[PDB]
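> How does the following fold in three dimensions:
(6 chains, ligands or ions: 7)
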Amino acid sequence: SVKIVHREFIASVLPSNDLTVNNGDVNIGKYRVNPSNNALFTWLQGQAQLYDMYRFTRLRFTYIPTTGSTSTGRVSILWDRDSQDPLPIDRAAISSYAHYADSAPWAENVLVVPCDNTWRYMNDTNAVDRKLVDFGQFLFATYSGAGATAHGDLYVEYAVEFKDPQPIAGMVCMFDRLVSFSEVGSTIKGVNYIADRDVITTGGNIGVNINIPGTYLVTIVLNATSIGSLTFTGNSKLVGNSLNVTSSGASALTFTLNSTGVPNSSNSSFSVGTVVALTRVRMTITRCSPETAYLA
Amino acid sequence: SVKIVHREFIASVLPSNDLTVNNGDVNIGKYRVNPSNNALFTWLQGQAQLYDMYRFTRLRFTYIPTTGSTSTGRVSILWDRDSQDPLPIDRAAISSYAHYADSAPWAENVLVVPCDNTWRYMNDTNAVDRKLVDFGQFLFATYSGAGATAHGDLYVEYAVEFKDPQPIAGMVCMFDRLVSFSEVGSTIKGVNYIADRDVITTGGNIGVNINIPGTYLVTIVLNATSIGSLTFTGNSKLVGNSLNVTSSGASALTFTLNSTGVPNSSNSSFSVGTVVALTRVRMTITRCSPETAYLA
Amino acid sequence: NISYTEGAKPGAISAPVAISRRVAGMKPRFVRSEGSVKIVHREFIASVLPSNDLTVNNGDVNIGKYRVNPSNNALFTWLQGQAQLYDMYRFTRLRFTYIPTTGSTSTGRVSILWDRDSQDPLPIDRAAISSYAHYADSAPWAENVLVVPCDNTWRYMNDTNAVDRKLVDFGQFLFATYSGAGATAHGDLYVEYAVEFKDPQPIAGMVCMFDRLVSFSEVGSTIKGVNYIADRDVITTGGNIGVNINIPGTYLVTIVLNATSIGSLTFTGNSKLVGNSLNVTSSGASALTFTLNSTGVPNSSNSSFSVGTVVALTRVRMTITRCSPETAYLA
Amino acid sequence: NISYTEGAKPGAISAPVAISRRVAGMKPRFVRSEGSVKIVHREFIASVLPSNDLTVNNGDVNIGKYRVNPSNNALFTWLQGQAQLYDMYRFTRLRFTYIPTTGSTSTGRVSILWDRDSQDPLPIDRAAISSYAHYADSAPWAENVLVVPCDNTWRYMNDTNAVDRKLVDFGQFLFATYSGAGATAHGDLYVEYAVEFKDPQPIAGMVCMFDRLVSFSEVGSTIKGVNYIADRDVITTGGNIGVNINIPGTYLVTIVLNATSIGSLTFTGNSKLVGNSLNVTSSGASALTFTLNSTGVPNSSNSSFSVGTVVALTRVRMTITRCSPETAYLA
Amino acid sequence: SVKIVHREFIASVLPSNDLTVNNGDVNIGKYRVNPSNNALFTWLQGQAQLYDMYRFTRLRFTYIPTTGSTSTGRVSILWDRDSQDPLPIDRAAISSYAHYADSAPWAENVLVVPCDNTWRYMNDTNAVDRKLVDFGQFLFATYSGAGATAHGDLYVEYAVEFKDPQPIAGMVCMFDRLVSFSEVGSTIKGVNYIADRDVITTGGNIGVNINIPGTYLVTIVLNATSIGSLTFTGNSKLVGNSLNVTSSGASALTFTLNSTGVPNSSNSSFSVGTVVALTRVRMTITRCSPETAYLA
Amino acid sequence: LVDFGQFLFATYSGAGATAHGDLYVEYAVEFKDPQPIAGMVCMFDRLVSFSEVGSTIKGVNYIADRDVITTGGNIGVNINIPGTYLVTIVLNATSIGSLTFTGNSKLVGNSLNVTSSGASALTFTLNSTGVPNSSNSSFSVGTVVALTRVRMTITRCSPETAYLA
Ligand SMILES: [Ca+2]
Ligand SMILES: [Ca+2]
Ligand SMILES: [Ca+2]
Ligand SMILES: [Ca+2]
Ligand SMILES: [Ca+2]
Ligand SMILES: [Ca+2]
Ligand SMILES: [Ca+2]
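Numbering: from 1, shown residues only, chains lettered A, B, ... in the order given. Ligands and ions are numbered 1, 2, ... in the order given. You can find the structure just below:
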């Protein structure tokens, strides 16, 4: 048994007047506590890919403000033992989790989750009853805030044991959408950096949203008559140079970007514009360091 | 502090009549014992990337035959505590080393290295005096043999301590050659899947050799008027679909392959043929699993 | 008898032309248990076929083919029968044994592996097969053994087709091989076990039922009962239907096709028809029943049985049952 | 593990396909001595190459190639370094060990011999090789050993090129072979020794200096320092110069030729150039420096390095030093 | 952690000559032992809704006659640890089970189930492999009997642990059928008071069967040109006043009823007659007390 | 990180031609791991066309960069460690003048010189007292034209191995 201790950043809490959970993302179990869930474990996943089974020994969630002391609102950090339970919508519900922590947006907060003795399977083999392979799910909620200045950040801190060395699961994610067939839906394999809704292919534009902090290598291949410009207008900056190959019928772009992880609903992490007759999107995303950025 | 134990495959030993060290690879650190060195630690690097320092507690190299009893010659396994020392050139020199073992190609063999108490740094890629950051270097040799079929496989088994969680070093390798300047030399960053001599760029051909066993994701962007065919006639097989975009002046290919790791001097891991006026090669290689292969 | 080897000084190693070990039948032992019964027994699995490129499980692409569950007859030819009768099981001792059946002249690697997660994908590269915690590697002409340390979790025999198999299986056995040559196998694989059964129950059933709405998609299906086949084993495309029973033994098949017309029933791969095949074709629907013997070794291009020249295939419903050849249809 | 051999009654002999023995590194032991130090150690010598006709020392014609003297790196790759430091030596234990590296299918004779006179000519016939007092014969696929009983005479390391070597060497090791076939070696030769060193001294020097007045004769020379080459190893005839370094390892060479003109420097035999070769040609004199790696196995027709198309060769002066490849010249 | 002990009524056993399991209900999980399952835990569900996980410590099923000594046949009580296993079809199969008991209809009987140490999840309604979230299933059977008057009543007595307070799952059931699409099938959410087959929607009638004993509050909204009468000719009686609003195109009825729980194949718990062009049925059922009945 | 510090000695307010006294080192030293002989050769390489200063030095450290002077039509090599050394020096330069031994070293036996247009080579073995000299190198090459490159090889050795006349 291999014993790992670490702390890592998850996501920033955006202000909201009405009660919103997980910055408005409606996916149940988005932050399921399974080390292969890169949306929660931005760092652990790198080590998780090498082992079959995991057991948390200590687990705590912290909230640290980045806003001023006159910001209004509630930040609630929560853990639900069942990673398949629906997201709460009401103010009674979010306060009723056994494992809760509440604070003003300008106050630090901590949530300790008492761990159990059960080993669980790490590997994502698209388990259907996820609750049986996750140690619950983390979630956050917020209300009574105003503006777009993020309140603060969320971190996870833990002790985990890992059990069986195995062939590496990898840090690659690949996305495939047949736009011919529909502008929504896709096949996604490997690491869950993006879900379906994170890739927008409509009205002559492609937006991809990497809403998990980090530096990533992307290579995207478009089946399209022609494409316009690659732009970085949202949560990510291009790191080093972007390699672009355009032809009639297909094009390919590769580059390393640096994402904040903070979701932007009007501007994607990167977009490609003026795309004519888009048939297919095939793409590969991989968490990495900035050292492997392409050169000028 | 974080204690890892594992056994992993290194390389298959090709037969040779004349003495051949490290399957003919000439480079001095090839198998420096440092967890970053993916040529030696085919599996461990995936964990090494997350930590600052290491210390080996137990370390042994194993040889298991894959050849027949009628195969002639010997396979030598060898450890030098100075990772910068030159490779030995004649068989007698091998016997001068304190830590070596030598056997028939048809016999299992083992070499136990006595470990010390000193911590050393995970990244050695900046470092100049690499002996101070490596726990020596492993070498293998063979002589008095014949045939194309490999004698047997080498493995490393160890118990190692890692010390400090860090930002991930990443599992990607970035290669860059300005072929217009010269058909040799390059900037390589990230993990050492390849070295300069592994990318052949001449006579209207491009061949790249991934002589480290595993499954990889690659993206090559080519600055060239036109290119011909992508072929896999060496130690690697295409996994899933290859995505190829060709234009006048530039081409991009992206695909995941499965390498046997064993070097082939006639056929590269992948080749691209009939290449006209190659000015620049920029490429990205990342160890992964086959689950993220591109679809047809 | 031991012989002296010519030209060896004391303590030398030698390679003989071939190594072997006699295997003898041993009736199962029945032992004291927390549950109903503990069985200590030993069963033959398969023979490792040679291949140059790395292949796992003699080329069977089905994940978890040798999942460790008493109801899986791919791993337990006899224990399957015993599994029928109980609800839950626990392995107490588990080991896999390799006996070479080839001379010391044969090249290659034979790897015997166990993956704690029975739903994990099959490995394809040399780094992967070497990286399993529970591994055992040898030349194909050498003996080998892999001991899997058991836990004390009870699991259900999956007789209700659990979707997350990993939670009902005790991992999966798998074997891999590379750099081999020739037509004949390298050696034989055995499983040796001690297994407890918990709760007596009505017989689970020996039948497998497969149902695909081809009109919806040429891929995907509902499979209930014993898992003799997986989805990918039934090919329905391009005017052909191919069914791959890649587990050895004798099977009764009834296949009912919703399709305008069908051509010939062929047995052109790993199976042979036993006795007579009963075929009824009409406009819009066809039915075939027959019993076959399958070697269970997977074939890329020729299914266990195929139905050719099939027109507007809308639906496949089929029933597959392990049985005796005695029960074959008459001429 | 010991196995039973099929079809043998008790006390039979068997031939396996191949015999081997693991060799492991063992650091030298240092022991009490009448002199400064006694070293107990073990070194690899060479691999016996197969030949149909009787050949000694893998075809090296140099008498006393494996003369027993610590300063002879043809026999002691490591002890040479140690010899540098002392005046005199005495071998206490000496044995030569043969490990086969070929199958029991291989034909031939391997003879390991020791001749008390290190200047005696090499034998060429089967009667001769069999007639040495200190001999050991085997099939090439069998293990063998030759124990040389030592005396207690101290000798000088010959670091001043003694002309009557026999009086400074403890005889010569040599090996012979015949009726073999194929490209690959029969087996490996090791020396195992206990040796005393007497008198500490300034390092003897690692350099060999060769000088031939070709204008006097195409044969003969002055050689001072380490004996990496003998006279016959430097060929100067017919517009060619060939230098044969028939002892393995890495060597720095500087060769200065008194000759009107020279052609190409070629590496066409047992050696490879390391890094860059530095060549300076003028009318009447040429100079080349480079460092090479030599396999040390003698070649009849292709020297370690050659200089072609050389005109009116008057003089060869050359310097050869065993060294590290690290020290090669840059491009 | 929270330790509950209770005894509660499950169902009355109707006589039958042929073998009849679970009073003729065909569904495989009917009495899965999971505190959410209100068909088995008529009382406990009201608490189960507030917690994430359960573990039974003691568990026994009791049968107390309500019939006469001259009633023929037998009543079988039965526990399968696999809650997904099919119902037995013949009497001999019942005897194959390890945990069953069988007696005269006029005799008290008990079946003690030995509990295990494993915690399982309270919600099983998402879960696919329900055996992993249920502690088996209870079944009852009867045969060799006759008459309309029930043989006796079944009860469950247990000591159970609950683990984590959560947002309430609620005590309401929501039923929805698009009858214009089909007269069968439906979306049912919340507590399992009813299953699809319990709402009959055909021949100008609507019947709904609440075959779980208790008092309920219902609201049915009907999409239909016109409706006739609300009747209570089955296992339920109106409590207080029924509130009926009829219009052209839509109707709403709301009332609280008192169900005996015993199924009736001729008369539903409540029926609405002479229903013209029913397109849609949407309904809400909530266990409650009679104190909240509507007034005249 | 590979040395156990450095010995050094200093002196002042002395007079006369003769030495003050002698320095000895007395030690007990352990050696760990047997290996193939490291090599006795030093290889020096300077791209003079790049800069008159800096170099690549591999092998035994008999000289440091500053010990090889390449400036103003002169090359000076200072072997400031005592003993006997084999030297081969190959100069990329249009022409060169005389080889002089005018400082701390003496030529042993004969010096072998080969000059051509664009390249020169010298081999010889010297004895050096190793005492540093400010103005006169161990050996010098004079009147050198368009010096582009110095590649040289220096090896501690025996005087027995000197070249013959
Ligand atoms: Ca919850
Ligand atoms: Ca695994
Ligand atoms: Ca069952
Ligand atoms: Ca059952
Ligand atoms: Ca001497
Ligand atoms: Ca002396
Ligand atoms: Ca060394």
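> switch to C-alpha atoms for all contacts and neighbour counts from now on
Fine.
> Give me the distance between the residue in chain A sticking out farthest from the centre and chain C.
Distance from the C-alpha centroid of chain A peaks at residue A:248, with 33.9 Å (C-alpha atoms, centre = their mean). The gap separating residue A:248 from chain C is 32 Å, by C-alpha to the nearest C-alpha, to the nearest Å.
> just residue A:32 next, same as before
Residue A:32 is 17 Å from chain C, by C-alpha to the nearest C-alpha.
> same check, this time on residue A:147
44 Å.
> ok, the nearest residue to that residue once chain neighbours are set aside - contacts?
Once flanking residues are discounted, residue A:147 sits nearest to residue A:15: 6.5 Å by C-alpha to C-alpha, 6 or more residues apart in numbering or on different chains. Contact partners of residue A:15, counting by C-alpha atoms under 8 Å, 6 or more residues apart in numbering or on different chains, are A:73, A:142, A:143, A:144, A:145, A:146, A:147, A:148, A:149, A:150, A:151.
> Which of those residues are buried? Put it as a ChimeraX command.
The buried residues among the contacts of residue A:15 can be selected in ChimeraX (16 or more other C-alpha atoms under 10 Å in any protein chain shown) with this line:
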select /A:73,142,143,145,146,150,151
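> Return the subset of the contacts of residue A:15 lying in strands.
When DSSP state E is applied, those are split such that A:142, A:143 fall in strands.
> Kindly tell me how buried residue A:227 is, as a neighbour count.
Other residues near residue A:227 come to 24 when the count uses other C-alpha atoms under 10 Å in any protein chain shown.
> repeat for residue A:252
Residue A:252 is flanked by 26 other residues according to other C-alpha under 10 Å.
> And for the one 5 residues further on?
By the other C-alpha under 10 Å criterion, the neighbourhood of residue A:257 contains 28 residues.
> Excluding residues flanking it in the chain, which one is nearest it?
In this structure, residue A:257 finds its nearest non-sequential neighbour in residue A:238, 4.5 Å apart by C-alpha to C-alpha, 6+ apart.
> Return whichever strand or helix holds residue A:158 as CSV; C-alpha atoms alone will do.
Here residue A:158 sits within strand A:152-162, counting by DSSP states H and E. What follows is strand A:152-162, C-alpha atoms only, in CSV (Å, rounded to 0.1, in the frame of the first residue of the first chain):
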residue,chain,number,x,y,z
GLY,A,152,-12.6,32.7,-3.5
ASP,A,153,-11.1,29.3,-4.2
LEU,A,154,-11.7,25.7,-3.2
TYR,A,155,-9.1,23.2,-2.4
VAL,A,156,-9.0,19.5,-1.4
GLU,A,157,-6.5,18.1,1.0
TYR,A,158,-6.2,14.5,1.8
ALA,A,159,-4.3,11.3,2.8
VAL,A,160,-5.0,8.4,0.4
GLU,A,161,-3.7,4.9,0.1
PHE,A,162,-3.4,3.3,-3.3
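> The helix or strand just after it: partners in the sheet, and parallel or antiparallel?
Using DSSP H and E, the next helix or strand after strand A:152-162 towards the C-terminus is strand A:172-177. Sheet pairing of strand A:172-177 (DSSP bridges) gives strand A:187-190 (antiparallel), strand A:280-288 (antiparallel).
> what number of residues lie near residue A:118?
Counted with other C-alpha under 10 Å, residues neighbouring residue A:118 total 10.
> Surely the residue nearest to residue A:147 is in a helix?
No. If the criterion is DSSP: H, G, I helix; E, B strand; the rest coil, then residue A:15 is coil and not within a helix.
> Next one: it from ligand 1, what distance?
Going from residue A:15 to ligand 1 by C-alpha to the ion, to the nearest Å gives 24 Å.
> Residue A:20 too?
Separation of residue A:20 from ligand 1 (C-alpha to the ion): 17 Å.
> And that residue, how far from chain E?
16 Å.
> How about residue A:212?
Distance, residue A:212 to chain E, by C-alpha to the nearest C-alpha: 28 Å.
> swap in residue A:75?
Distance from residue A:75 to chain E, by C-alpha to the nearest C-alpha: 18 Å.
> same thing with residue A:263?
Counting by C-alpha to the nearest C-alpha, the gap from residue A:263 to chain E is 27 Å.
> Next, the distance between the ends of stretch A:11-21.
12 Å (C-alpha to C-alpha, to the nearest Å).
> Over to stretch A:256-276?
End-to-end distance for stretch A:256-276: 25 Å, by C-alpha to C-alpha.
> need the residues of the stretch 51-200 of chain A near chain C, please.
With the criterion set to C-alpha under 8 Å from any C-alpha of the partner chain, the stretch 51-200 of chain A comes near chain C through A:52, A:121, A:123, A:125, A:127, A:128, A:129, A:164, A:165, A:166, A:167, A:168.
> can you rerun that using 7 Å?
A:52, A:125, A:127, A:128, A:164, A:165, A:166, A:167 (C-alpha under 7 Å from any C-alpha of the partner chain).
> need the contact list for the last one.
This points to residue A:167. Shown in contact with residue A:167 (C-alpha atoms under 7 Å, 6 or more residues apart in numbering or on different chains): A:50, C:128, C:131, C:132.
> Need the residues that contact stretch A:235-253.
Stretch A:235-253 has contacts (C-alpha under 7 Å, 6+ apart) with A:219-226, A:232, A:254-262, A:264, A:269, A:290, A:293-296, B:245-247, B:250-252.
> Quick check: the gap between residue A:93 and ligand 1.
10 Å.
> helix or strand for that residue, which one?
With elements taken from DSSP H and E, the one containing residue A:93 is helix A:91-94.
> and that helix, which residues are buried?
Within helix A:91-94, the residues that count as buried by 16+ other C-alpha under 10 Å are residue A:94.
> Could I get the CA-only coordinates of the very next helix or strand once past it as PDB?
Once helix A:91-94 ends, the next helix or strand along the chain (criterion: DSSP H and E) is strand A:99-103. Coordinates of each C-alpha in strand A:99-103 appear next as PDB, following Å, rounded to 0.1, in the frame of the first residue of the first chain:
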ATOM      1  CA  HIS A  99     -20.900  17.400   6.400                       C
ATOM      2  CA  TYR A 100     -21.200  21.100   5.800                       C
ATOM      3  CA  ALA A 101     -19.300  24.300   6.300                       C
ATOM      4  CA  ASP A 102     -20.800  27.900   5.700                       C
ATOM      5  CA  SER A 103     -19.100  31.300   5.700                       C
END
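> what lines up beside the helix or strand following strand A:99-103 in the sheet?
Next helix or strand after strand A:99-103 toward the C-terminus (DSSP H and E): strand A:109-113. Sheet pairing here is set by DSSP bridges, and for strand A:109-113 it gives strand A:53-65 (antiparallel).
> Just give the number of residues close to the residue in the stretch 151-296 of chain A that ligand 1 sits nearest to.
Closest to ligand 1 within the stretch 151-296 of chain A is residue A:156: 19.4 Å, counting by C-alpha to the ion. For residue A:156, the count of nearby residues is 21 (other C-alpha under 10 Å).
> Specify the beta-bridge partners of it.
residue A:8, residue A:61.
> ok, it - contacts?
Contacts here follow C-alpha under 7 Å, 6+ apart; on that basis residue A:156 touches A:7, A:8, A:9, A:10, A:60, A:61, A:62.
> mind redoing it with 6 Å?
Residue A:156 makes contact with A:7, A:8, A:60, A:61, according to C-alpha atoms under 6 Å, 6 or more residues apart in numbering or on different chains.
> and residue A:241, bridged to which residues?
residue A:294.
> Number of residues surrounding it?
14.
> ok, now residue A:180?
Residue A:180, neighbours per other C-alpha under 10 Å, totals 11.
> What of residue A:77?
When neighbours are defined as other C-alpha under 10 Å, residue A:77 has 27 of them.
> for residue A:100, same thing?
19.
> Chain E versus that one, what's the distance?
Taking C-alpha to the nearest C-alpha as the measure, residue A:100 and chain E are separated by 10 Å.
> partner residues bridging that residue?
residue A:78.
> Wait, it touches residue A:80, no?
No. Counting by C-alpha atoms under 6 Å, residue A:100 sits too far from residue A:80 to count as a contact (9.2 Å).
> dump the residue contacts of residue A:58.
By C-alpha under 6 Å, 6+ apart, residue A:58 lies in contact with A:115, A:158, A:159.
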